[PDB]
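Residue numbers (the entry's author numbering): 672 to 724. Backbone N, C-alpha and C fix where the C-beta goes; we use that ideal spot for every residue, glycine too. Each remark here refers to the structure printed beneath this line.
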Amino acid sequence: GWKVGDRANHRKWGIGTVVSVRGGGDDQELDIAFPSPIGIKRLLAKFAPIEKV
Numbered sequence: 672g673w674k675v676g677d678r679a680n681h682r683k684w685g686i687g688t689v690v691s692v693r694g695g696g697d698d699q700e701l702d703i704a705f706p707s708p709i710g711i712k713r714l715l716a717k718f719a720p721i722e723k724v
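Structural data, given as structure tokens:
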């Protein structure tokens with residue numbers, strides 16, 4: 672699934688970079704760093720409004 676360094680386009684926050692991935696592969700939790708001033712958001716990958724790249 673998701674990997675550190677991946678870029679994600681989020682419906683709300685635009686494009687950001689994955690800085691942490693945890694939980695098991697079936698319930699990944701992502702930290703995604705969006706450019707200033709949004710900062711880092713922590714969210715469950717399941718049902719997240721994100722697309723890779």
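The DSSP-derived three-state label of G695 is coil. By the C-beta density criterion, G685 is exposed, having fewer than 16 other C-beta atoms within 10 angstroms. Annotated as proximal: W673 and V689, with beta-carbon spacing under 8 Å. Per DSSP, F718 lies in no beta strand (DSSP E) and is assigned neither H nor E. Looking at the DSSP output, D702 bridges to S691 and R713.
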